[PDB]
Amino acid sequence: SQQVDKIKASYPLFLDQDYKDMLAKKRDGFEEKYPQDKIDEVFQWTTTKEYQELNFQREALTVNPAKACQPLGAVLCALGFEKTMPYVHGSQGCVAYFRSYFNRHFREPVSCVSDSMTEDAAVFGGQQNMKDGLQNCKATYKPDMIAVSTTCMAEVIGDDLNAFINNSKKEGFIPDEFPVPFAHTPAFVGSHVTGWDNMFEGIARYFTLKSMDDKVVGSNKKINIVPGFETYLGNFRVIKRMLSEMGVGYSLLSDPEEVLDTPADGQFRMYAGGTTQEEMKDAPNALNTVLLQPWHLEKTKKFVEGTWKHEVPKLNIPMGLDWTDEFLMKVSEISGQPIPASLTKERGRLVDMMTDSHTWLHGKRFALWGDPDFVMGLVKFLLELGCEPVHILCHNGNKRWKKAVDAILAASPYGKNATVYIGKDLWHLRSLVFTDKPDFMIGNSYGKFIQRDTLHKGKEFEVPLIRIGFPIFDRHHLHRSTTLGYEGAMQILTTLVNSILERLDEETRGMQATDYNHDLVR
């Protein structure tokens, strides 16, 4: 039954009595449901420490992963170049998923094609699909460049991308000068961030390898900035903003900021901005190249250092107070430009905010997860605020990274109760927050089901989630936020402190029970 006065959607429609009894008869009649008291006893068991021990013995099963597959990152890297179509050689289902995943996070169009390799290509190779695919894409969507990656199908059958593209140019399917860089992006290796590294390194060598004789380091007096797999629009913009304030010439290679944020003005724009091909050809002439996320750019680093002959500085991600300083000081040293007064003040303002909020941040225990560079910067910043990163999880982290983070924790008293996990997933984390309860989680939208599980155990065990990461599906426009630089530090601080305060307000709202602490001024 519906009142046209107040229409009810699924919630709370199915709480009406007539729907409630029906679902009860459906359960009792045909579902062969386990007794509720069994379900409770089992749920309790899944929160215990014995279950955690079993949970951490898993070798073959992965439950609720915290990572994606390579081509996802290759698509995102390719969208950052001017008027280029990301092109995924393989089966079409991947592309349908790649666009959907990004549509939901950015709430924007995400253009990407496939050459729809099918049953036949699995036995004869996908060379024909590559020929007609490149010709079809180029004539239909008129891009100036086509960046090719692979699905795991195309990798298993061993399709040689280099030959397939070359024979497409030899036979006249695309012009011989039309830019078509490529990268093998196997889904069974690494994660989505490796796909970003592989794609960018492949695009780099396409414009750089057979032209180094005319290049001299520093002649264009600029600094190359490689952002890596980045899904916050503010992070691209805060890098460019600070570099413009310093008067530093820069090239942000892979800049998807415009295409992921086109205006709604009665016209669809498939392409927008991005790094031009001219900047990519001139990048070897830069003073140096900075890697904002070096822990998943190692392939690119070795190419930049080896072929461009750029002395890539050893810099952590510009997240937090110290690492934003070292970043600005390195950029100053390379470019010769002094750090302007506007950034000195901004740093101080972030410091002022830490002083006004340290009483509520001190001692708070956080579980967190995400990609390697993002996780270690968040760990570093948490320590700078006096917080305890109790459970640190990075599904796609390596052991060299874990030792780097373990040394960051050892260099601070607030990392004493901290442990770093690698190769584990959110089902592992679900146990850690039950048996070693933190105060909050910091992660992507998938952590919402962990908070739902903690609350089922009881209100006093609920661990609220703080949505900082990728993907964020159940909130709107958080992708516009910033996490890099001082500006990103201020937003995160604000998000942390106020999430703590909103939880206190909720716990102390009980009239004549806990509201004695429901202070107006906090």
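Residue positions are given as counts along the sequence shown, with the first one as 1.
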> With respect to the recorded C-alpha B factors, which stretch has the higher mean value, 103-111 or 122-130?
Replying inline: 122-130
> For the C-alpha atoms alone, is the average B factor greater in 448-456 or in 301-309, going by the entry?
Replying inline: 301-309
>> Take the CA temperature factors straight from the PDB entry and tell me which of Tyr232, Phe164, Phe374, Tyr421 peaks.
In response: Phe164
>> Quiz for you: based on the deposited Cα B-factor, which of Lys170, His358, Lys380, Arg349 is highest?
In response: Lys170
>> How does the C-alpha B factor of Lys210 compare with the rest of the chain: lowest, middle or highest third?
In response: highest
> Looking at the C-alpha B-factor of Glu502, is it in the lowest, middle or highest third of its chain?
Replying inline: lowest
> Going by what the PDB entry lists, where does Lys221 fall on CA B-factor within its chain: lowest, middle or highest third?
Replying inline: highest
> Among the modelled residues of its chain, does the C-alpha B-factor of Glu487 lie in the lowest, middle or highest third?
Replying inline: middle
>> Per the entry's values, where does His518 land by CA temperature factor relative to the rest of its chain, in the lowest, middle or highest third?
In response: lowest
